[PDB]
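Asks: Chains as they are written, first to last, in the authors' numbering: chain H, 3 to 175; chain 9, 1 to 37; chain E, 1 to 204; chain N, 1 to 140.
Built from N, CA and C at the ideal position, the CB exists for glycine as well.
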Amino acid sequence: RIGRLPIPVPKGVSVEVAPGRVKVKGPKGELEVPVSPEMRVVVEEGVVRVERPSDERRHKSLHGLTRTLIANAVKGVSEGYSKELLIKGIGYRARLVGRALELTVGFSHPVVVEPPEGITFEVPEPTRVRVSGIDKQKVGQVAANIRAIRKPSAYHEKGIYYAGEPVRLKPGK
Amino acid sequence: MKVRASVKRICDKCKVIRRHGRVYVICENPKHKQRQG
Amino acid sequence: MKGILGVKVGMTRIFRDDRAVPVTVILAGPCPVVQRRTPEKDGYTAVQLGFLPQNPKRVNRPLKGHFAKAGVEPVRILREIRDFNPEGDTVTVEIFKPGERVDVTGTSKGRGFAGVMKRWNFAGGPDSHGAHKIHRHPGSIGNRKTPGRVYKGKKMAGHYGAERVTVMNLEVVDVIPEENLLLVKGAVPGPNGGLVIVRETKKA
Amino acid sequence: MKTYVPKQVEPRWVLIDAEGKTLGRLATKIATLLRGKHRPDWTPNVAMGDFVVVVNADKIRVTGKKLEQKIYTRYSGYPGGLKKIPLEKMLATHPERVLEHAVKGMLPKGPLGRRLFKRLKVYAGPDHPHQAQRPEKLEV
RNA sequence: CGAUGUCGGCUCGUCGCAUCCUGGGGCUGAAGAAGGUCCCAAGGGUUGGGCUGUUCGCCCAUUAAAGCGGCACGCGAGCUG
RNA sequence: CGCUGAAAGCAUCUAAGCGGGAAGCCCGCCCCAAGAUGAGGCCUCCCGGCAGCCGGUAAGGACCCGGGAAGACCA
Ligand SMILES: [Zn+2]
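#1: Is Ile-10 (chain 9) near ligand 1, with its Cβ less than 7 Å from a heavy atom?
#2: With 16 as the cutoff for other CB atoms within 10 Å, does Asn-180 (chain E) come out buried or exposed?
#3: Do the segment 167 to 181 of chain E and the segment 113 to 131 of chain E touch if we need at least three Cβ pairs shorter than 8 Å?
#4: Under 7 Å, CB to CB, which of the residues in the segment 150 to 169 of chain E have a partner in chain N?
#5: Pick out the complete beta strand (DSSP E) segments inside the segment 21 to 52 of chain H, 3 residues or longer, and give them in chain order.
#6: Run the proximity test for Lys-2 (chain 9): is its beta-carbon closer than 7 Å to any non-hydrogen atom belonging to ligand 1?
#7: Taking the beta carbon of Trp-13 (chain N) as the centre, do at least 16 other beta carbons fall within 10 Å, making it buried, or is it exposed?
#8: Report yes or no: do the segment 127 to 135 of chain E and the segment 20 to 31 of chain N share at least 3 C-beta pairs separated by less than 8 Å?
#9: Tell me which residue opens and which closes the alpha helix (DSSP H) that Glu-88 (chain N) is part of.
#10: Beta-carbon within less than 6 Å of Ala-57 (chain N)'s beta-carbon, same chain only, minus the 5 sequence neighbours each way: which residues are those?
#11: Based on Cα-Cα distance, which residue from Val-7 (chain E), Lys-2 (chain E), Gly-153 (chain E) lies nearest to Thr-107 (chain E)?
#12: Check this for me: beta carbons of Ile-81 (chain E) and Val-188 (chain E), under 8 Å apart or not?
#13: Quick check on the burial criterion: 16 or more other C-beta atoms within 10 angstroms. Buried or exposed for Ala-96 (chain H)?
#14: Within this structure, are the beta carbons of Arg-51 (chain H) and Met-41 (chain H) separated by less than 8 Å?
#15: Using a C-beta cutoff of 8 Å, does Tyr-78 (chain N) count as contacting chain E?
#16: Taking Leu-138 (chain N) as the reference, which of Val-54 (chain N), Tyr-75 (chain N), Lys-83 (chain N), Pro-79 (chain N) has the closest Cα?
#17: Please return the same chain residues whose Cβ sits closer than 6 Å to the Cβ of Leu-15 (chain N), not counting the five positions on each side in sequence.
#18: Could you check if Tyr-163 (chain H) is buried or exposed, using at least 16 other CB atoms within 10 Å of its CB as the buried criterion?
#19: Pick out whichever of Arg-149 (chain E), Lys-154 (chain E), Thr-146 (chain E) has its Cα sitting closest to the Cα of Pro-138 (chain E).
#20: Distance, Cα to Cα, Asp-137 (chain H) vs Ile-9 (chain H)?
#21: Quick check: the segment 62 to 77 of chain N against the segment 33 to 47 of chain N, are at least 3 beta-carbon pairs closer than 8 Å?
#22: Measuring alpha carbon to alpha carbon, tell me which of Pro-191 (chain E), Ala-162 (chain E), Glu-40 (chain E), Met-1 (chain E) ends up nearest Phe-113 (chain E).
#23: Would you call the segment 55 to 63 of chain H and the segment 75 to 83 of chain H in contact, with 3 or more CB pairs under 8 Å?
#24: By how many angstroms is the C-alpha of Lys-118 (chain N) removed from the C-alpha of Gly-64 (chain N)?
#25: From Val-17 (chain H) to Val-24 (chain H), what distance separates their C-alpha atoms?
#26: Do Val-103 (chain N) and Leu-120 (chain N) have their C-beta atoms closer together than 8 Å?
#27: Under 7 Å from any heavy atom of ligand 1, does the C-beta of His-32 (chain 9) make it?
Written out as structure tokens, the structure is:
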């Protein structure tokens, strides 16, 4: 229950507040969160918080978003994130090529993906792939594009699946 | 995406959103996916 | 972007690979640059090419001084190749190579006050069944009281041709170094002897 | 006792920051200074309003979704020749022409009005070539 | 009503989108293909012929398709009659 | 169609934000175009007497003439 919540700041994480933006430099790396100036950043060592100036809908909204968002950021520079994908479909798989990730999921050609900056493509197997990095949204963004490449199949388990993505396919012939 | 003016819940799982100035009947059933218009 | 001045000497087909590939023959070089359009000086990139040479006793003092600031002999025609900084001081056909794609810009043959059929391929009118004196008119040219005028750009009689025209994606069939002749497949705008500009094609 | 008419007066240059100010409001005050209706010697039938130069026209600001929902359109006279231009693109290309359009929408028409529009000079960005004219800065 | 020439065809088009095809997509009683429907989409195209004054329609053969309409049921100081 | 995500513990493509995404729009291709009176820019050439005024002038141009896949004339 969420802007109410306090955001712990387990070092080594340098929560640097700027006007309308924070700069958090954790062990895993660094980033900056641009933030609404209307919301205060309660910069306390160990746990930082946010104080919504009123309780309008915009301020509970921006309060929860700012709090949970910056918490995601510090958890980013402090731990980074991961989002796996269980590539399915017979003969469908991938393999990292340096930084760029080759993926072949049944086209007239393979498909290569380039990690943007931190973004790494872990290839546990050709069938499963990890995409990790400090960013929480960006992992879901690049991995999002990955699943967008070969979406799930409605009639067969043949498509790029998220880890934990519940496989619901309808019957066919 | 059923388009209509009187978008409404169909099942209890029919969740409603005002996404980008429009009202969407989003649910698990793709048949239940409705766009008010 | 490579280009060269040239003149349409004529057309002819030749035989490469058992194909009578028709080409236009084009006396292009040599083209001496006279002034390089630089962004600091002119706000963009280009050069200024003299082709063909002109009688010294047929040139005005302004142009003469323009070739004194340059170093070239007085030359009849002078044009600009946009976005082309030739290292050399006289561009020739060597900049191109047979098989390279080019686009040619020339002035098509001036057809005078062209009729509407020849100018826009209007069907005109029938030759019989009572067509009264209208065998080549455009028929109606608008609408009634709404809007009750003539739109801009309505196709009508006028000068068909005699205009800067560019055919594109032509192929360099062959270059002729000793002659400054160039061979391009297909036809080129303009009459024989009419000046033209040969340019690398913008396609891809 | 006829009403007083002033003699010809040298127009006093005026610099105005386009930055940070609202489009419509700023254009309003710009038009006001342009008319010379800040001067007690004002007279309608003569353009004696002041020359005006503006900088950072790009730095103008506009309320709401007007970045895109405001479409500066034009008309070529040709069928289907209605060229709609959103406000964003018009900023990327010709913000100075944005302010030109907005203030020109507020000037009185007629040849006096056109000469008045000549009397205005926009410059997107912070600079302008009128230091010789002594552009008096004037906050609004 | 001291005149606003009336159907049809021809020429020339321009425009709307309530889109026929082409572009994109959603759902499917979508296995694939072909589909149905709906949404976004007006850039371009949207055939030749037989019948009939006809528009319309039927038919022939095709097409990706053979759109519906507005423009004085567009267009005679442009034609025809 | 999304990712992140509060309001609203959850979830939410949206509210902050970001992405993809069409023969569609803009540009990109071609042509016109500084009467763009906002008349743009670059190069080169020319240099007296009664804001002016006159003078022949310089550069230059025009008329004229031989023409021309340029053309009704003009251009
Ligand atoms: Zn439902």
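Replies: Answer, in terms of the structure:
#1: yes
#2: buried
#3: no
#4: Listed in sequence order: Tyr-151, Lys-152, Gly-153.
#5: 23 to 27, 32 to 36, 42 to 44
#6: no
#7: buried
#8: no
#9: 87 to 93
#10: Cβ neighbours of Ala-57 (chain N) beyond the five flanking positions: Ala-18, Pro-95, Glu-96, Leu-99, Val-122, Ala-124.
#11: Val-7 (chain E)
#12: no
#13: buried
#14: no
#15: yes
#16: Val-54 (chain N)
#17: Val-53, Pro-135, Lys-137
#18: buried
#19: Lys-154 (chain E)
#20: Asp-137 (chain H) and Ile-9 (chain H): Cα-Cα distance of roughly 17 Å.
#21: The segment 33 to 47 of chain N, when compared against the segment 62 to 77 of chain N, does not touch it at the 8 Å Cβ threshold.
#22: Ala-162 (chain E)
#23: no
#24: 30 Å
#25: 7 Å
#26: yes
#27: yes
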